[PDB]
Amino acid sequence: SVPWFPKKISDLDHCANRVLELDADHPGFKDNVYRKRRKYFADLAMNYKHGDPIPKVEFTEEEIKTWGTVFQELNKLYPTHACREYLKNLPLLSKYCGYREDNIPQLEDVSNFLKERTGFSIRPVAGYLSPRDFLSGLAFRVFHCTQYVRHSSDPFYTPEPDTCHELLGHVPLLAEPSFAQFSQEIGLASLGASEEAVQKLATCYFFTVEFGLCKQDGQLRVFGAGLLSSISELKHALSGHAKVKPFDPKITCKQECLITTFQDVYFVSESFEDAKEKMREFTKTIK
């Protein structure tokens, strides 16, 4: 008995809304106005259907300032920290999608850019989905993406994904063919897979797509989106203070995914091609 899974891109309409409303420690928890703004974003995502243009948003001066603060600091770090594929694609986004300190890019523009480059596209998502449903988007080269901005009281830290994390952390690598293929194959492996297998694929995703390191020309570089949008952990990850291990799915999938602190350990992939090969070998063992 295989569980239901999407068979075509529009089938994500039936799981994208199955969202499993701020946590007590959220910076905007007591902010009625921010709460109202978040309801606005959540409704845009809930009402979205595949085929729609993604609704364009007029961001407030406050939201744009928060983005600018994060953008400015992270861009100082990227040349010495980010992998070559990230650095190659970031300027294309400045040119074609309006990445600037004083402008938050629109998801529809970024989606059109990705569609041309690698066939990836964006779907706005209200909030957290099951790992099964989130990974199933990747099978159709769909990235479920938050559209809201973090609270302005703390521009540097966010307990959840926001659109700064999506646009600065995830998008430049989805524009890279080798990474897009790697990501899609995680989604494909997940379709109709056992609960057990889905969880293991989710953890492998976490320690590559979200917090991965890679080796390039003998150096350690960052490709994980969660690192690329966190000023403090981006620096920490390439400091001598961090614990590092080679990416190895059978080992990596045993590691706990930390959400409110720095990771205990980071995994180093040799290349996106090699990570992809290692996942192919791994998925055979859990089908």
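Don't overthink the numbering: it's just position in the shown sequence, from 1. Superpose the two forms; the largest set of C-alphas matching within 1.5 Å is the rigid core.
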Larger mean CA deviation from the shown form in 7 other deposited structures of this protein [core fit; 122-130 vs 152-160]: 152-160
Quick one: across the other PDB entries of this protein we compared, is residue 12 left without coordinates in at least a third of them? no
Of the other PDB entries for this protein whose models extend past residue 265 on both sides, does at least a third leave it without coordinates? no
Going by the average Cα B-factor in the PDB entry, point out whether 35-43 or 63-71 comes out higher. 35-43
Read off the CA B-factors in the entry, average them over 22-30 and over 245-253, and name the higher stretch. 22-30
Between 125, 93, 122, 87, where does the Cα B-factor run highest in the record? 93
Residue of maximum C-alpha B factor among 159, 187, 105, 172, per deposited coordinates: 159
Rank-wise, by C-alpha B-factor, drop residue 212 into the lowest, middle or highest third of its chain. lowest
Residue 264 - which third its CA temperature factor falls in, relative to the rest of the chain: highest
Based on the entry's values, in what third of the chain does the Cα temperature factor of residue 152 lie: lowest, middle or highest? highest
Ranked C-alpha temperature factor of residue 9 among modelled chain residues, by third: lowest
Just say lowest, middle or highest third for the CA B-factor of residue 258 relative to the other modelled residues in its chain. highest
